[PDB]
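# Opening piece of the complex, as it sits:
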Amino acid sequence: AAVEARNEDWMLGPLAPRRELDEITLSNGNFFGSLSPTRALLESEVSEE
Amino acid sequence: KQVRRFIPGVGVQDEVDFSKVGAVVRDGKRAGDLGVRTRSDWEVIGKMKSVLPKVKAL
Amino acid sequence: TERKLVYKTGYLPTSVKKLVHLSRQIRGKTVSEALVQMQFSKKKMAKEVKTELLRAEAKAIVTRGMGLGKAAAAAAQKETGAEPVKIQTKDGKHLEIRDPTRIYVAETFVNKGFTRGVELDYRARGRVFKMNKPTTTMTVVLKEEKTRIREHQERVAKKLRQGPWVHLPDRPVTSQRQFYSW
């Protein structure tokens, strides 16, 4: 999403979208510029190695 | 009229105009032997700052 | 210079051969014209296309800024008695654009998604057949009327650039022969 958001800010210029006012991403359910509790607290179990 | 060419087994044959006729082929291990204009020749032509064409021809 | 919004709808419980006809109906129409056709259609998926077209319009107005120039355009037409722009779409329909910021449905295509489910068809002779329940989506590309006023000026310039029709054209002779035939 950052690979495509940077190409639009380069191309659109003064027409750059306001992505902060957009709806959530239904894949993960996150807002723009926000992590998920599982990824912000790093609570995912890791292997012993 | 033929233009300068490099023959692999003979050498560098110079330009010849059969209208005024001379296939001179110069071979060697140095650029001077080949008969072409080398870098040193361009330095001798660049230092000749006195050469000037006659006023009548200018 | 030209704003654009690509919106992909949610997974609709229908097929591509059914919804394809609902995307060809709203193609080229303005969002207001396209919503009036979904409100009065008899198709069950026209109610879903009316909800997804209201979401895309909200994204265009908020995220992309489209459709936000009305008040300013209404002045020139009335306050100054200006002559609006008259264009002709690629299909040939003549339009009269008074507000160049009006949103419309530039492009639209339907794709097929995952398999909703699987039904079993129990025929005679103990035969069973699998019936795949389809889900499908639609994409709408929303643009402002400035895109149609630019595309019309290009088609008009390409028509005035091909030159006029001459009575006796200088057609080429495409056979070369090493002699004269006349």
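The structure has been received and is ready for your questions. Residues are numbered from 1 along each chain as shown, chains lettered A, B, ... in the order given.
# Residue 34: how many residues sit nearby?
Using chain A. 9 (other C-beta atoms under 10 Å in any protein chain shown). C-beta: built from backbone N, CA, C; applies to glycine.
# ah, I was thinking of chain B
18.
# What's the end-to-end length of stretch B:29-45?
End-to-end distance for stretch B:29-45, by C-alpha to C-alpha, to the nearest Å: 24 Å.
# Now do it: distance to the chain's middle.
Stretch B:29-45 sits 9 Å away from the centroid of its parent chain (C-alpha atoms, centre = their mean, to the nearest Å).
# what's across from residue B:11 in the sheet?
Per DSSP bridges, the residues bridged to residue B:11 are residue B:7.
# you'd agree it is up against residue B:24?
No. Taking contacts as C-beta atoms under 8 Å, residue B:11 lies outside contact range of residue B:24: 9.5 Å.
# show me where the chain has helices.
This is for chain A. For chain A, the helices defined by DSSP state H cover A:2-12, A:37-40.
# I was thinking of chain C, sorry if that wasn't clear
C:16-26, C:31-39, C:46-59, C:70-78, C:145-159.
# Can you check the distance spanned by stretch B:14-26, start to finish?
8 Å.
# what comes up buried for that stretch?
Within stretch B:14-26, the residues scored as buried using 16 or more other C-beta atoms under 10 Å in any protein chain shown are residue B:14.
# Could you show which parts of chain A are in contact with chain C?
Contact residues (C-beta under 8 Å from any C-beta of the partner chain) of chain A with chain C: A:15, A:17, A:18, A:19, A:21, A:22, A:23, A:26.
# one more, chain D:
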Amino acid sequence: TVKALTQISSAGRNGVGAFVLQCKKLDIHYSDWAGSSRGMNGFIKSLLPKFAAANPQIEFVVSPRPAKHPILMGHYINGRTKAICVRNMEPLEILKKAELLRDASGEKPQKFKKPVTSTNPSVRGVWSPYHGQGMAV
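Just below you will find chain D, in place on the chains above:
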């Protein structure tokens, strides 16, 4: 009243009055490590020195290019470029390939259709059914 047009210029015909070799540069890429560059290395030491002296109107640039096959890249006056991979070729095969780039032009290859290409009008003009003796059906 005669008004002169100012949107037509003279067209050049290379070969008439003066000739200009279309090949203006030749890039010679070799590799000291690649085994496929064994012949290209022998061409640069025995055949290139004299071939480069026979064509003083061509810019020869010899640069290494490890981990890559050897190529002969000729740049032409029309802006196009032709590259030839000379992997596993003997020194005398490279000299035959460098003569292909020198005699060639930057244009794209095209099938043989018509020998003559002329931009000058017919000495005897194109036929007309109105400038002859007539015809009776």
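# once more on the neighbour count of residue B:34, this time with chain D?
If we define neighbours as other C-beta under 10 Å, then residue B:34 has 22 of them.
# Can you name the residues that contact it?
B:11, B:12, B:26, B:27, B:28, D:50, D:53 (C-beta atoms under 8 Å, 6 or more residues apart in numbering or on different chains).
# 6 Å - rerun?
Counting by C-beta atoms under 6 Å, 6 or more residues apart in numbering or on different chains, residue B:34 touches B:12, B:26, D:53.
# how close does residue D:128 sit to residue D:134?
Distance of residue D:128 to residue D:134, computed by C-beta to C-beta, to the nearest Å: 12 Å.
# make that residue D:6, sorry
Between residue D:6 and residue D:134 the distance is 43 Å, computed by C-beta to C-beta.
# Show me the residue sitting in the middle of chain D in space.
Of all residues in chain D, the one closest to the mean position by C-alpha atoms, centre = their mean is residue D:105, 1.5 Å from it.
# now it: how far from chain B?
Going from residue D:105 to chain B by C-beta to the nearest C-beta, to the nearest Å gives 17 Å.
# Kindly report the same for residue D:23.
Counting by C-beta to the nearest C-beta, the gap from residue D:23 to chain B is 13 Å.
# repeat for residue C:45
If you measure residue C:45 against chain B using C-beta to the nearest C-beta, the figure is 77 Å.
# Pull the contacting residues for that residue.
C:12, C:14, C:19, C:22.
# rewinding a little: of all the contacts of residue B:34, which comes closest to chain C?
Using C-beta to the nearest C-beta, residue B:12 comes nearest to chain C of the contacts of residue B:34, at 39.0 Å.
# one more, chain E:
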Amino acid sequence: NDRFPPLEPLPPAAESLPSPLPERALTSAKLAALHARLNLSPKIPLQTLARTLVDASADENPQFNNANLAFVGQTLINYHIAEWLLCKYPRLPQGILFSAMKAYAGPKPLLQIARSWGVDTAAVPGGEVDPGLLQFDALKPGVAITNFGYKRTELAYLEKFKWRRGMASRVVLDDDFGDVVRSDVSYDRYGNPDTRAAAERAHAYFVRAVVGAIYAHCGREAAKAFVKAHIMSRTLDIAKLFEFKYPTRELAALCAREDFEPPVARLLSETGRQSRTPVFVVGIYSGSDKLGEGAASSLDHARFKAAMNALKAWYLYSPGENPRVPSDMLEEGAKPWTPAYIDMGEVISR
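Let me put chain E in with the others:
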């Protein structure tokens, strides 16, 4: 860094100079090939050909720049074509003459002669660039050469208020092509119609400079052969530079001036009248003599086209394809000069 040593040994004070040094031209492979491509004589050193490639926009100094060579070259190119055009077509109208001088020695054709020599331009002028590249500054607005034409007192009115200029004063007041005289940095931009002009100007000045160097080193006769081989060898259809307004009226003034009997349009042949694409062939006859013939779809257009073909035949009269030039006399002893034809002028009519 240590892994990438510089390819070209240069002093530290080399990226700041306006143009490469003279001694730099003695180690570049582009010049040595460019010198050998044009078959220039060994009289012209490589330090001189390099100066021809440095435009006055990249270097303000009078030396190291094309300003002086490009002047001496423009005078020779213009003079040799002017005399050759008047000897070949002695009756060309003056406006067409300006168009034909501009069609050979103008910025447009001279830009193609430089691109046919394999001359690559430098991105931005600097002392680091190799002298074999044409280097100029396309963002500098005020760069121009010195010309013999003078500025018109009414120049502002002509442009703003569409005043009339004329075609008899252009010879003295205007330039050799009839045109009026005097008509940090950020590289985040695109091309401009003004920069394209500077690109055309830089190429033209270079081709003119090469002729200025040939004249200085090799003499006059060498320059004439270079112009005759590279410039005059180009082909142009002068019949396509003609634009007629009321040709039938002009043709009538011609016959009246030359005392020829009045012209009469006669229908030589025709077919397909009352059709979509008829053909009418009308011939304009002065007495029994046939001046010109034209075929068109409309009867009126056929009469107009026939009148143009008769006028083109009058103006495009050529004594010969390779006529003698007055410049052939000042050289080594040649045959005595024979007076060349001098036409009265193009007909002025209603």
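# so, the neighbour count of residue B:34 revisited with chain E in the model?
For residue B:34, the neighbour count with other C-beta under 10 Å is 22.
# Next, give phi and psi for it.
Residue B:34 adopts backbone torsions of phi -60, psi -20, taken as degrees, to the nearest 10.
# quick one on the thing from earlier: can you pull the contacts of the residue nearest to the centre of chain D?
residue D:22.
# Now do the same for it: helix, strand or coil?
Following DSSP: H, G, I helix; E, B strand; the rest coil, the label given to residue D:105 is coil.
# That one and chain E, how far apart?
Taking C-beta to the nearest C-beta, one finds residue D:105 at 12 Å from chain E.
# How about residue D:122?
13 Å.
# and that residue, how many neighbours?
Neighbour tally, residue D:122, other C-beta under 10 Å: 10.
# What about it? Give its phi and psi, please.
Torsion angles, degrees, to the nearest 10, at residue D:122: phi -60, psi 130.
# Show the contacting residues for the nearest residue to residue E:29 once chain neighbours are set aside.
Spatial nearest neighbour of residue E:29, chain neighbours left out: residue D:59 (4.6 Å); criterion: C-beta to C-beta, 6 or more residues apart in numbering or on different chains. By C-beta under 6 Å, 6+ apart, the contact list for residue D:59 reads D:25, E:29, E:30, E:33.
# does residue D:59 have beta-bridge partners, and which?
residue D:25.
# Burial check on the residue in chain A that chain B sits nearest to, number of neighbours?
Nearest residue of chain A to chain B, counting by C-beta to the nearest C-beta: residue A:10, 48.1 Å away. The number of residues packed near residue A:10 is 9, by other C-beta under 10 Å.
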